[PDB]
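We've got the same protein chain twice here, in two forms, each standing alone as structure tokens: structure 1 and structure 2.
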Structure 1
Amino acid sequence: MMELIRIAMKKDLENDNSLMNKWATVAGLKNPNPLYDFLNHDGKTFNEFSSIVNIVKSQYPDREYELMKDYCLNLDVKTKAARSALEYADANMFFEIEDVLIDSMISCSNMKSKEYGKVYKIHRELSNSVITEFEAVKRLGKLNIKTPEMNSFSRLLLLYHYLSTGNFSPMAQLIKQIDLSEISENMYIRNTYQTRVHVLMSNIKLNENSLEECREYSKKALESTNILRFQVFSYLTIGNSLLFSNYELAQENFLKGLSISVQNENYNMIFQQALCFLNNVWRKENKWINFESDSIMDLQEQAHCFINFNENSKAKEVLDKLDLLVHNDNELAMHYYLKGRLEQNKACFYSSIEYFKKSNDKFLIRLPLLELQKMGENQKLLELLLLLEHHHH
């Protein structure tokens, strides 16, 4: 079988012979002779996976998934190339590629490939709550990990668990034991894990309330990667670190995330909601509100446009719609915050804080608090509910 990327490159090369020298620079090669091999010989892989990733990202950016899915799924799993494809798929959250590779690699006869798949299955199972952190780290001990790559990914997938649930305390200690410099086989994996650490470092500094460091680590992330997923969330993170303090710089960062995600439905919508919510927080005319949606979040942000602009009747219509819907803890907290501003009623604001606490939200909880501050309450106490790290001597 010939892979789509090889068919593509053959056709493009026929219509443009200058491509071979240019692909060879994109691929890190000293001259393009491996690139003949690659096109003509089934099974030919390059020593590092970034050679085919950067060629795909440069010649066919709009088709990366289609070609990489076809490429990875015909890789012999016993090879370094395919180990590389596992991290590739996980990093971009291509779970249909990731999980097919994993099950092939777990029963394959190559000890490295088996080890890679096996800890990667653990990370999927843990992050889908099919097993427990306790069960998962046990299986990690039981595998008797040999490769530096999985040594480092075993601590990474835990940090990805701590982050999801919420337990931020031991992360700064756990991540500091990661030592990527011990990796010597797979520079693709090393360089992505380096991006991964930057992102994790960024989020840790976010919750330690060290926002300028948060922004530096996300900057380091962006400079370290060409992977949309990581780029997307570094801009998200940066903007959130600025959402309540610097309107124009947060909007600048959200728009940059919006621009690079025009073609990705999930990622474009994330920045749409963020811009909408940003502009509501700052009481601005809001081009981002979605009047054709009956989700809770979209509906909530309408009530916010309205309450912001003294359209009190029209905000009542939306909250009446909301009253009929399945609210969870964090969504009710927003409800109460909205109901509070509409009825100017401190008691809602209190319930708002209450359900933000219950849903362990140290971020949107600024909304009820600011409102109470504008109504004569004791700012010193309001600060203590938003329990921010203070950095004393």
Structure 2
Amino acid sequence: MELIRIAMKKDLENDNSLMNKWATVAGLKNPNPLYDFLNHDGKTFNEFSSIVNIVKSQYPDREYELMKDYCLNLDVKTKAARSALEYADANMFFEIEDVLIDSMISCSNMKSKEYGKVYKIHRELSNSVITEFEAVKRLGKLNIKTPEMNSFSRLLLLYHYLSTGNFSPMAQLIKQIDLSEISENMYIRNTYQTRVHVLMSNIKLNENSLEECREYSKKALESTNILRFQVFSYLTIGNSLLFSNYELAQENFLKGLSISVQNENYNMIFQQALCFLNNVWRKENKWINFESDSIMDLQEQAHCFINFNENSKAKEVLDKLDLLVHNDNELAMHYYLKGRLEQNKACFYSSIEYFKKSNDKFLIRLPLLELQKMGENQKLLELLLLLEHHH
């Protein structure tokens, strides 16, 4: 047997009402699939939802350990292994995911081979091993058949656009996703639905349509039990509040922190979010990462120094940032910081330039405000607010 079955049998010996409970938690109508699953090696539930929901209900503290054992023991040719590939990618369990991938691209079931090759392209693009052009080419050469991989081949581009600060293609691309075409695998349909809710929340944020942003993140929260998506929902809600409600932004970031305690990466993300929040409100900032050479963290060091008129220290940090390569959205923030340090209108115009190129209608409010503080003509500001970069 595998760990999840070992554990469930022992717990059954100690408590015989569990089969029922597990049935209702797993969405099953009765314990028949439970007995089939426990007693027969190689048996799989109809919907992967079943085993995930049981693990989260009964062994929440062991979820990773159990699922890594279960998933890496599945027949790679099965629907359950495809469902597990999505479960692993959604959770960023790269160790389960990558093993399932190199096993599926080798196997003789065509559906699993396709899932595996598409998720492989997602992982390579995510790790900057291939360019977007090469990912698009490879996806084309795959001649994708399943609706699931038709949807996911768009989702992976959306993730790439978001992480590279290239927001203008996203709104059109996300509308081309049609999850209603997914009929065979409801776990994948429902998880992709959460994925779209979160991405849409980010698109609305980037369009400065804040009420909509929060609505989509609330939909994401309602539709999921996956930590990754809850994390990015609280992050995006909190971000949407950055310029208006310090306490509620902070409360959302601290909520994210509270569910992220055991994950170094998510914990770091909420530290960075609170760091940016406190710089925007020009408060004392206990969240700065002074032991980092990432652009994100160095920028917030400089921002805090500028806020507290430590211009020498700020200049040393912007010196470090000059010797690092920036994407457009990062560069826009760079010029915002330079404009504040130097009290230099041209820097704020460059900041606006690169926010327009990245199509970031949210953070552009920072240089616009500064230009307004320096007495820029109101019609000019209106013109800059309304014109766009042509991609």
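For numbering, take structure 1's sequence and count from 1. Shifts are known only where both forms have a C-alpha. Rigid core (definition): largest C-alpha set, two forms, superposition within 1.5 Å.
No residue in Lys176, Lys138, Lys146, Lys321 other than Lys321 shows a CA shift of 2 angstroms or more between structure 1 and structure 2 after fitting the rigid core. The two rigid parts differ in orientation between structure 1 and structure 2, with the smaller turned by 25° against the larger.
For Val26, the displacement of the CA atom between structure 1 and structure 2, after superposition on the rigid core, amounts to 1.2 Å. Relative to the superposed rigid core, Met269 shifts its CA by 4.5 Å between structure 1 and structure 2.
Core superposition places the Cα of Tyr217 0.6 Å apart between structure 1 and structure 2. After superposition on the rigid core, the segments of 3 or more consecutive residues displaced by 2 Å or more at every C-alpha between structure 1 and structure 2 are found at 254-256, 258-387.
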